[PDB]
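Just the one chain here, laid out as structure tokens, in the form deposited in one PDB entry.
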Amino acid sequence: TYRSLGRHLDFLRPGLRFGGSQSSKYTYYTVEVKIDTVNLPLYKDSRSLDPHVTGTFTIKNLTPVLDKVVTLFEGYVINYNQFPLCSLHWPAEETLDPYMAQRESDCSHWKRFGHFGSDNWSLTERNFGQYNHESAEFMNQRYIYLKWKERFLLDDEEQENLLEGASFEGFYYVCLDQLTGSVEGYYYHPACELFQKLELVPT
């Protein structure tokens, strides 16, 4: 009859702050991420289609004029089952369309974090060959993989609403280290074969 309330993780819980940078050859910005809600996909029911994470981005001094730019983001957690590493095997619900990418994109981006074994990689398998009979469940592995996408502009981090050009088209591949709290990310834009790099630690 009843459904699980889920769990919160030491480094994936409401109220948690991270700080760091987003950078690339021509970009460097100080950024802060705050986790607002968590609904980990521990099982498959209706709630597992709702966002698994919601939070805010804050960019410091985006323009010479704007000292604080704040966006609201939503995201989903890889659990290798209903939400495998290959986004194209995600459920067919339309609200997940903004998180899709080609198989090779997902594959290369997940690999680039550098925490997978060297063995058994296949572009045609729903977890790219990285989740097997002897793998631990996602919450019990050291590294957790997520996809984040911003979808609203806000005024302050207290969250009132005030994003549709090309500079908003992609999404973040995200990797959390549960042992140290460090967070790495790649902002991927479909139409450009370069990314931006997100690096955060807990505040």
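Start at 1 and count along the sequence shown; that's the residue number. Here, rigid core means the biggest group of C-alpha atoms that superpose within 1.5 Å across both forms.
The same protein has a further form, the form deposited in another entry, not shown here; the description that follows concerns it.
Superposed on the core, the two forms differ at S48: its CA moves 2 Å or more between the shown form and the other one. With the core held fixed, the Cα of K68 is displaced between the shown form and the other one by 2 Å or more. Look at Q82 and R47: in that other deposited form their Cα atoms come 3 Å or more closer than in this form. Annotation: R47/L16 CA-CA distance longer in that other deposited form than in the displayed model, change of at least 3 Å.
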